[PDB]
């Protein structure tokens, strides 16, 4: 049990430098104010973008393996402060202590992955059709990387973008969610510590302005997306946010990494391991109070399994501990705020109007009118009606029955989102069909592991309204750089004159 001021002190955060009376930093745990903060003006945001661009001009000529060493040092700083940073994630995002720790560990893991990439950043050498010419494809730092992040992963989304961007020779301007500024301040402070350690061993190499933190409301978010000095913006959030950002990027022909909403489903086929299913369903649907973008929200269960499987899931649901995420034993912490609670209860009301039968979903009183805890809900639906197609960012699992596998695929694919997906089956034919071109239409398509089944090494992102961006693994790093095709003529041969007078 570390108090809030102990956390700040252990992170070496001096709140006096960030205090103000513009932005209230609230804890979902009890609704209490953690601190009140100053915010950037639009002009402040522009100035920070100018400084990040100057930083980029220096950083882009630093050898990438040297750039990776800063990221390696940053990984070690995060390791040293993992417990306190994780606790801050719990206080501000409301997730249980182990998920706070787990989210910081994701930051650390991507640092080490990016260190590996810092010795790669592979283009190609390519055969040329021209005699005495050589051809290659090279990759180059692109410029300032804007990062717009959501409340629910307040540190790992930024780390995923910044580790890659720094290794790729970019500076970063970060505008975190106005709901989670304190975790962002902490990350920024820990980065400054990394830069100080790196400056000891690499004097003059890293620009002090490499990472920028912009705190505030829509006005500074709009400065960032409209800035002609920011050639790529990674934007994580709602579908509506992504549409608006993409419109601004398009107007100035800039690049987007769009990581928008999910509405993730699982098909449970007749041969599924039910002992495995009941656990995988429960944990993916109720984890983080249904506030992961990969949260399981749709369950498509074969008719032969309903009578066996559903009472087991209901039994697990009822035994899940909802409570303050600081307590040992808690599995489900609070929803982030009232708007989230209201949208949940509205979704459930819609579900009932649409023929659904709701279990769970009621509010859990913890003694605070401005803290919103709920029992996870599981809703038997006669079809995948309008409410099921909405992403309600809350623990609601809609259950639909299917008979024919092709029909289950169609139902699975019929929502407008396309982030993650899973099939539980032991039949290799169904598993492969689900992963095939006519199967799941999502960016993440898993077999016998739930919809949060993803790791550093894989490209992370989705299709359809999820926006098409990819982060983290595979060659996602290319989105932080610009491709060049180079043809080099080392021949002394002159082109044919074609009757043109070239003689001296």
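Numbering follows the first chain given and starts at 1.
254-262 versus 308-316: which one carries the higher mean Cα B factor per the record?
Per the PDB record, 308-316.
For the C-alpha atoms alone, is the average B factor greater in 290-298 or in 355-363, going by the entry?
The stretch with the larger mean CA B-factor is 355-363.
Between 94, 203, 123, 181, which one tops the list for C-alpha B-factor in the PDB entry?
Comparing C-alpha B-factors across 94, 203, 123, 181, the maximum falls on 203.
From the list 419, 173, 411, 326, select the residue with the highest C-alpha B factor recorded in the entry.
Among 419, 173, 411, 326, the highest C-alpha B-factor in the entry belongs to 326.
Looking at the temperature factor on the CA atom of residue 444, which third of the chain's modelled residues does it land in?
It belongs to the lowest third of the chain when residues are ordered by C-alpha B-factor.
Considering every modelled residue of the chain and its Cα B-factor in the PDB entry, is residue 228 in the lowest, middle or highest third?
Residue 228: CA B-factor falls in the highest third of its chain.
Going by the CA temperature factor in the PDB record, which third of the chain does residue 45 belong to: lowest, middle or highest?
Lowest third, going by the recorded CA B-factors of the chain.
Taking the chain's C-alpha temperature factors as the reference, tell me which third residue 402 falls into: lowest, middle or highest.
Highest third of the chain for residue 402's C-alpha B-factor.
Comparing residue 461 with the other modelled residues of its chain, is its CA B-factor in the lowest, middle or highest third?
Middle third of the chain for residue 461's C-alpha B-factor.
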